[PDB]
Novice: 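Supplied in structure tokens, the structure appears directly below.
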Amino acid sequence: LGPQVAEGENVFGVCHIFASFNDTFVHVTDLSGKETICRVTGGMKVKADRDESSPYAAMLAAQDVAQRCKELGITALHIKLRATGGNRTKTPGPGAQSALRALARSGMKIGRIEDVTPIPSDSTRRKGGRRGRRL
Amino acid sequence: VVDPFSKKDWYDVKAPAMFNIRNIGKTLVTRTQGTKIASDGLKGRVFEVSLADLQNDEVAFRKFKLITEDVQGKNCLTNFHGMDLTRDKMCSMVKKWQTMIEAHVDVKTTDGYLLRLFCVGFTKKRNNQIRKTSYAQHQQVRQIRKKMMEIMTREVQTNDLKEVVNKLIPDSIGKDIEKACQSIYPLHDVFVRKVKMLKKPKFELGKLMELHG
Amino acid sequence: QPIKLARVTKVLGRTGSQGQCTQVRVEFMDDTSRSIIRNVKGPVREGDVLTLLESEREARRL
Amino acid sequence: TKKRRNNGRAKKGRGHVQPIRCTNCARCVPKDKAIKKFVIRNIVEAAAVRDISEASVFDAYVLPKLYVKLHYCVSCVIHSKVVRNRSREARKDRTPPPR
Amino acid sequence: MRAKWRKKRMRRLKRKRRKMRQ
RNA sequence: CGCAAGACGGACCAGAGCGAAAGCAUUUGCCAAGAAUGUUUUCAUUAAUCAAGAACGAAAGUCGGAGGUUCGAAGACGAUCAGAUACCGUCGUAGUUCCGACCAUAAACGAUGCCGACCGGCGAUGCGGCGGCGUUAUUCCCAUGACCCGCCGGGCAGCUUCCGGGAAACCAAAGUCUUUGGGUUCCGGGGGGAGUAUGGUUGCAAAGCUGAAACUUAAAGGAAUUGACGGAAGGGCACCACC
RNA sequence: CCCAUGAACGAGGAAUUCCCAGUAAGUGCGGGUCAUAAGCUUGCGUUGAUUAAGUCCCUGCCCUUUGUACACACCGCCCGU
């Protein structure tokens with residue numbers, strides 16, 4: 001199982017952190033991104049809908065992902081943190097910071113950090129009306 | 001209990017010879033199961049490697065996308081597919097009291113690799129300038145764009161893909177563009193913003209192995 | 001869980017929702033060159049020494 | 001009665017200004033009347049800087065920043081306290097607060 | 001009553017009168 | 001990792017530009033147009049404003065055709081609620097996009113007609129021209145760009161001022177007004193009834209233009225002041241507040 | 001007042017009084033009412049703390065700026081079926 005390399009040198013995966021304001025995704029994949037190692041979402045670690053975007057759920061997801069990756073021989077991660085993008089918000093959700101902190105806390109090495117939020121040159125109409133979300 | 005990672009093999013991905021650091025990492029593929037072939041599913045895989053991970057020195061905000069078209073001996077041999085600037089880098093240059101001039105060209109190398117190249121430049125505030133804004137007039141912007149397109153076409157269409165990547169590594173194209181346009185409007189942060197392979201010639205193993213080693 | 005020394009040199013102010021803590025500047029005796037900020041709980045005298053688990057902690061800063 | 005000489009916008013010398021949607025409520029507000037903030041933020045929070053820096057594979061990685069432009073309508077900008085009401089004389093002061 | 005809603009009410013009244021008055 | 005479609009043109013982007021207004025932002029090309037500036041060019045009063053008449057005129061809306069990503073009146077469902085028929089959520093029709101005809105209305109606003117003269121100061125900014133130490137690029141002369149310092153002419157604005165005005169707010173015009181007359185167009189005459197009725201006219205329609213009266217009423221309204229209150233913001237205080 | 005009567009209470013949910021130095025707190029005597037009368041109140045002594053020398057939370061007090069169509073002053077004013 002895992003790679004056949006010396007233990008001193010790191011094996012790099014890529015961690016996509018899709019932190020929205022509803023819940024957070026921690027998704028480790030191959031360097032190419034085509035093959036995935038583990039994906040733990042904040043909604044898989046809490047029972048309340050309101051808590052799926054909480055920092056605690058993201059921390060639990062990051063610990064699960066880190067343990068699974070260590071079980072598979074990946075020791076270092078490139079981070080690709082994104083917000084919802086498109087019409088919607090361009091800022092990362094509440095869980096992104098806790099997810100990154102818990103990834104680094106469990107002994108996982110961190111490589112390049114990138115913001116891959118989808119940004120439109122310009123987009124379709126945004127979901128709200130011309131008066132917006134009024135409540 | 002079936003673990004789907006017990007049937008997956010780890011291959012080492014190798015960069016083309018234009019970069020000092022040869023290996024870029026490991027990629028896992030499900031072993032050959034019946035008709036499905038591990039090799040042909042391993043092909044067409046794009047790795048976005050930062051330049052500082054491909055050359056010992058040099059900047060890290062330039063990333064190269066390399067595509068795997070062959071796998072031999074548990075090694076995936078990649079090739080140039082595209083190039084970009086990191087999101088933070090490109091966001092950091094767009095300031096609010098200057099003109100940003102963008103050009104793009106679809107130009108073919110001598111090997112038949114049609115590339116779309118996007119160049120970006122910014123007008124530079126002079127060291128003794130009191131005026132807050134460094135805007136270029138519309139004809140000046142058009143002249144700068146013409147110069148950028150002409151230089152990009154000259155640098156790509158005359159030579160082959162290997163030397164195109166060799167000169168993209170230090171972004172010499174942007175440096176000569178900036179030196180050329182210093183006379184129309186002094187430019188500030190000139191980079192070939194992005195490169196994509198629109199169309200590539202039919203695969204042959206000889207050229208791929210030549211680009212390696 | 002390394003433990004080092006820290007002694008108060010400047011009482012920066014009082015923090016907390018209801019005046020719980022003191023944001024105070026503390027120097028490490030073993031280094032006598034670093035000043036860090038701590039929301040120390042309790043009556044603090046300027047010059048007291050306390051053994052701490054933490055050597056890099058910071059709190060809400062203004 | 002007129003509260004502001006510029007009517008609370010920058011539309012001088014043109015008829016129409018294209019609208020943009022508020023990032024907080026998706027309200028259509030003119031690009032000149034919208035209240036614009038440009039945040040530069042460390043993608044790693046101050047508490048998490050130590051952990052990520054210690055766990056880095058490189059030396060002196062200098063972490064990337066995040067550049068977000070937020071456009072607010074007047075209601076959302078007031079509720080979020082980005083801007084606030086001022087006295088009739090302090091209203092005319094366009095000088096940004098120190099930073 | 002909002003002026004535009006009174007205008008809409010008057011428009012509806014005129015339409016109803018046009019329908020009834022054939 | 002690819003392919004397709006239909007929208008849109010971020011950041012740069014500004015109290016910046018252009019346009020009669022509505023309005024206008026990817027590259028490049030073609031097409032005709034335009035302001036300002038420069039002018040020891042030309043005509044020589046050809047001008048200003050404008051009943052009638054005419055061109056354009058956001059969005060929504062109508063008819064026909066194409067398209068249909070997103071959003072989305074109507075509608076369906078889920079919530080919140082005493083109730084909600086609404087706000088909020090999931091969908092979603094017409095529509096939103098384009099082509100050809102219609103409509104001609106907006107807080108179409110600078111709530112401020114156009115043309116001309118005169119009456120303070122200052123720093124900017126956009127275009128054109130003129131002048132000038134010095135700094136940069138064209139890797140060489142001049143020139144030409146990018147800066148720097150001024151001047152002149154239109155332009156968008158800003159600050160300031162016991163010009164003057166105004167009920168004041170405030171306005172270098174909303175000044176040069178009982179010391180009242182530069183020219184000219186539209187238009188108001190207490191609040192409602194009411195932009196309603198009716199007639200005419202336009203439109204396929206929705207409706208647009210024109211537009212009363214009976215009757216009712218002592219105020220309606222403008223600006224500013226002091227309080228009171230605010231499900232507005234920021235402070236301060238008491239162990240009848242907290243820690 | 002003398003005999004017998006040991007029910008309930010194992011320091012007790014949410015909301016929650018009151019307390020900084022001879023104070024809280026424990027403790028008895030006195031004045032008020034008063035046939036001689038205190039589980040209440042008003043004084044007094046006696047014994048007698050770690051309580052923190054801070055902040056405004058969620059408590060009131062409305063000080064400044066701000067909006068107002070309120071001034072009988074929001075228990076206001078007011079629209080329509």
Side-chain angles (χ1 to χ4, degrees), chain A residues 32-34 86-87 90 119-131 133-135, chain B residues 43-46 67 90-91 93-105 120 122-138 140 142-143 145-146 149 179-187, chain C residues 13-22 42-43, chain D residues 1-3 5-7 9-18 20 26 31-32 36 38 67-69 71 78-79 81 83-92 94, chain E residues 1-2 5-7 9-11 13-15 17-18:
Chain A
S32 86
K34 209 198 189 230
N87 315 315
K90 310 308 192 300
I119 290 328
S121 311
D122 250 336
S123 47
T124 60
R125 192 123 153 106
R126 168 88 172 284
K127 149 100 183 73
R130 92 172 324 261
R131 294 198 279 162
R133 219 168 156 278
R134 290 180 310 274
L135 216 55
Chain B
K43 305 166 188 301
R45 262 184 213 206
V46 185
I67 182 151
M90 171 78 192
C91 283
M93 287 169 300
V94 192
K95 279 95 137 61
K96 212 179 101 40
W97 303 120
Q98 65 196 27
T99 307
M100 144 183 78
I101 303 103
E102 277 140 281
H104 57 76
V105 283
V120 64
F122 303 83
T123 65
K124 180 168 47 204
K125 201 188 195 184
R126 283 317 207 96
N127 49 309
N128 60 300
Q129 203 182 283
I130 314 297
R131 265 168 78 263
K132 177 173 66 172
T133 50
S134 319
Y135 298 138
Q137 294 195 310
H138 181 64
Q140 305 194 282
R142 286 167 42 86
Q143 284 168 47
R145 189 176 287 116
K146 217 202 181 194
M149 291 200 283
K179 301 230 163 257
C181 300
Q182 222 48 12
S183 183
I184 319 168
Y185 208 110
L187 292 190
Chain C
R14 299 287 299 245
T15 50
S17 296
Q18 257 79 69
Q20 310 273 145
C21 322
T22 294
Chain D
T1 175
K2 252 224 287 181
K3 186 160 183 180
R5 190 165 160 97
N6 62 348
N7 305 333
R9 49 190 323 185
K11 197 193 87 193
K12 296 273 164 60
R14 56 204 61 85
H16 190 241
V17 182
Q18 60 279 48
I20 50 71
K31 180 192 182 45
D32 43 324
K36 275 93 90 182
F38 189 47
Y67 307 77
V68 188
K69 205 167 173 186
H71 317 86
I78 287 291
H79 189 74
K81 306 179 181 188
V83 312
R84 28 185 291 222
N85 51 75
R86 309 197 275 168
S87 50
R88 179 172 246 202
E89 45 270 28
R91 259 194 283 263
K92 342 185 78 197
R94 303 172 61 101
Chain E
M1 176 135 198
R2 175 156 169 190
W5 302 147
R6 187 227 181 112
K7 189 178 169 180
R9 204 187 252 177
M10 252 315 326
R11 249 86 158 267
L13 227 59
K14 286 229 252 176
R15 249 193 279 203
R17 281 189 281 217
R18 273 188 296 206

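Sequence lines set the chain letters: A, B, ... in the order given, protein chains first and strands last, and positions in each chain run from 1.
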Novice: Can you check the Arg5(D) CZ to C156(F) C1' distance for me, whole Å?
Specialist: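 Spelled out: CZ on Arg5(D) to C1' on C156(F) is 13 Å.
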Novice: Report yes if a side-chain nitrogen or oxygen of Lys43(B) is closer than 4.0 Å to either non-bridging phosphate oxygen (OP1 or OP2) of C1(F); otherwise report no.
Specialist: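 No.
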Novice: Each nucleotide in nucleotides 199-204 of chain F should get exactly one letter: B, S or -. Can you fill that in based on protein heavy atoms under 4.0 Å?
Specialist: ------
Novice: Determine the Euclidean distance between corresponding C1' atoms of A7(F) and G153(F); express it in Å to zero decimal places.
Specialist: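 Here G153(F) and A7(F) have their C1' atoms 46 Å from each other.
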Novice: So, does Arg145(B) get its side chain near the phosphate of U26(F), meaning an N or O under 4.0 Å from OP1 or OP2?
Specialist: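 No, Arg145(B) has no side-chain N/O under 4.0 Å of OP1/OP2 on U26(F).
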Novice: If we take the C1' atom in both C20(G) and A25(G), what is their distance in whole Å?
Specialist: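 Comparing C1' positions in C20(G) and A25(G) gives a spacing of 13 Å.
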Novice: Classify every nucleotide of nucleotides 231-243 of chain F by which part a protein heavy atom approaches to under 4.0 Å, writing B for the base, S for the sugar-phosphate alone and - for neither, in 5'-to-3' order.
Specialist: --SS-------BB
Novice: What's the gap between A197(F) and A207(F) when it is taken at their P atoms, as a whole Å value?
Specialist: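 Looking at atom P only, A197(F) and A207(F) are 12 Å apart.
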Novice: At under 4.0 Å, does any side-chain N or O of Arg14(D) touch on OP1 or OP2 of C13(F)?
Specialist: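 Answer no for this pair, as no side-chain N or O of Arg14(D) is under 4.0 Å from OP1 or OP2.
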Novice: Using the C1' atom in both, what is the distance from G183(F) to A47(F), to the nearest Å?
Specialist: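 Taking atom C1' in both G183(F) and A47(F), they lie 12 Å apart.
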Novice: North or south for the sugar of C72(G)? Use the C1'-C2'-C3'-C4' sign convention, positive meaning north.
Specialist: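 With a negative torsion about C1'-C2'-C3'-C4', the sugar belongs to the south class.
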Novice: Looking at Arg126(A), I'd like to know whether one of its side-chain N or O atoms comes within less than 4.0 Å of OP1 or OP2 on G72(F).
Specialist: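 It does not, given that no N or O in the side chain of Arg126(A) lies less than 4.0 Å from OP1 or OP2 of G72(F).
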